Each structure stands twice: as C-alpha cells, then as structure tokens.
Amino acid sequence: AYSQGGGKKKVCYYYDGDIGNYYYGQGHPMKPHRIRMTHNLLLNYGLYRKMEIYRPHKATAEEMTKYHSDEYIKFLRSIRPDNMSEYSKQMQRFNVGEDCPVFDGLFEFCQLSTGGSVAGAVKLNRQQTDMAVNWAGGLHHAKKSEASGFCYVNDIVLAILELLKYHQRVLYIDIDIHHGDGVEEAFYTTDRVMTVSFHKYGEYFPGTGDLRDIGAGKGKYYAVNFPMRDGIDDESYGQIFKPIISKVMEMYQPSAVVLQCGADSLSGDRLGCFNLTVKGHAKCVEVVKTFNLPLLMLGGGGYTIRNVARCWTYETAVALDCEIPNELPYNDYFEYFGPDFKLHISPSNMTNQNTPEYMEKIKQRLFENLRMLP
C-alpha cells in the first residue's frame, strides 16, 4: 500500500544474435543489421549490467495464427528465393515480392521478431518485469492475410492478444512516422485495445490515419490519429504528445501499454521527413514511463541505421534511468557514427510545416473525441 509509482523499473531485453544477418536485398532500406548495431552499442555503454537479457524463442505457426490466417502463415513457411516461380500468384495475393521481398530465412526472421514481442508480453503478464524491450519487433504494417510496409508478421497484434489474457484494456502508442494501420485495423472494432498513432499524413505511406478515423462499433472513439506535416521538431512534438497521452491515460485508464518506437521519425531518416532528435524521440518514452504501467517497448521503422542505433540505445538507457555520456564508446561499428561519433544528433534546417496553431487545433479535436469515453 506504500507504493507511489516511482523508483527504477525492472527491464527485460530480448535479442537474438542471428537477427543482424537477415538481408532484405540490394538497395532495400530495411536493414535488420541496425538491431545488432543497437545491441553492440548499448553493450559497450555497459547497459547490460542494469537489465536482464533474454534470447527469444522462434514463434511457431500456432502462435502466429492467433491473428494471421492459416493460408498466409503456411505461405510464409514455404516461400523461398529458390521456388518463387511456383508461387507467382500466391506472392501477389499476400503482397510479397516488392516492398516485402522474399529473402533467405524470411520466416525465421519473423519468428525471432515475433518471439521477442510475445515473450515480452508473457513476462509482463506473469508480473516478472516492469518493462520488456524488443527492438526487433514493432512491425506495425502487417495485416491478417498479407504483408505490407516491410512487415510480414504483426508481432504487436500477437503481443497485445497475449496481454489481453490478463489485462482488460491495453493501450498501443505508435510514434513511428508512418500510421500504425495494421495494429489499428486489428483492434478497430473493440474497446479493449486503444490505438494512438502519431504520423505524417497526406501523400505518404500507408495512406491511412486520418484524424476522422476513430474506430467502429464497440471500438468507436478507441482509435486516435494525429496527422502531421513535414519537418516537425522536438518542441512541437513534445507540446502535444504529453497532453494527448495524459488525457488518454485519464479517460481510458489501461492496465498495460505497448509503445512502438519507430526511429524513422528522426531527423535525417532515409524515408522520413520529420525533424526529431534522439532526445525529442526519447522524450516520448519518458512520458509513457512515468505512468508506471506494464510497458512493452518495440522497434519498427528507421532507415538511417546509425541514428536508429543511437535512438534505441538511448531509449534503453532512458528505460533503465541510466545517464550515458554523449561521447560514444568504441564498438564494432564505430565508423558508422562519423564524423562526430556522438550519441545525440542535431536537427536539420528544414521548415516545420506544422504550425503551432495546426498542432493546437488537431489536439483540441482529439480532446473532443476523448470526452466521448465513459
């Protein structure tokens, strides 16, 4: 009864050393090597001494079919680069072969990515940790019976379905620059999962996430979307993130939180057009962490891999409440972080097309929808 919701949190961290060897193909922006860069960087910072590190299991087809269809999972187990010709029609109906190519060990990559998220949720359900971290997860675009946006198996939906075994209401927050369409779609008609996505909107992948998309049926008003423009910075992002999340916590009152920390919302991303720094990005982890709820932190987007390693290393230290110096320690990828070799980055001179009046107007309309909750 003496608890006040403070103190350092117990953090469990999931990582498989084989994740960095999976290769999407020549010229493909998604590079699972960024996860190994992140792991090696936080190891050289000494963060392994403050958290428990687990190697996730390979999620089975049964675990994946808790959401995905049997036909789509069977296709993922069978498709390989040496038999693509025989599956020419199946590759098209499941949206595999372009943005989501076939590569060696594709199904194993999905198992390692998904295994970390479901094992994190199990660890949270058993009340054996405060936070669970899986940077290989967060693949928020995967649909029930098709791939999308470099994502094949939606580890988030499976991890949330695992949390729903013991938690009445689960909150999902998506700070990836892209709309969390796969997660929102899976829980669009239920009030047991509330999805909140902040993203660039307007002539941008995936094309969903309009302000007026608020859910359907029993899930109406349980889907929140904050459409943004190019060039948003730390001050403008933090001006709306904390008050929006605070009101969601007050109205919805979840018992568990899932935070997708897509790094492609950082300044200088290969595919992103935002202007956030690592501190402004990590500020979102600080806000969610204050509420002292079972929190599952996941990865996601991020295609300037040197900044992805920076972002997820610092956000792990933030989860551990460990201050780390800005001078990067030596690591196996020290040359990737030139020419400064610092941990934190600086924003660009790009224009912030999100005026302060625009941010205040979108926030006010979201507050109207949040008033419609019991």
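For every residue, the number given is its place in the sequence shown, counted from 1.
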| property | result |
| --- | --- |
| Selected stretch [higher average CA B-factor]: 247 to 255 or 174 to 182 | 247 to 255 |
| Higher-scoring stretch by recorded Cα B factor average, 144 to 152 or 87 to 95 | 87 to 95 |
| Deposited CA B-factor, highest of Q128, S267, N134, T114 | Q128 |
| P227, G300, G219, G207, ranked by C-alpha B-factor: the highest one | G219 |
| Record-listed C-alpha B factor of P81: chain third | highest |
| Third of the chain, ranked by Cα B-factor, where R36 sits | lowest |
| Where the record places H68 (Cα B-factor, split into thirds across the chain) | middle |
| Chain-wide C-alpha B factor ranking for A263, given as lowest, middle or highest third | lowest |
| Entry-reported Cα temperature factor of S348, expressed as the chain third it lands in | highest |
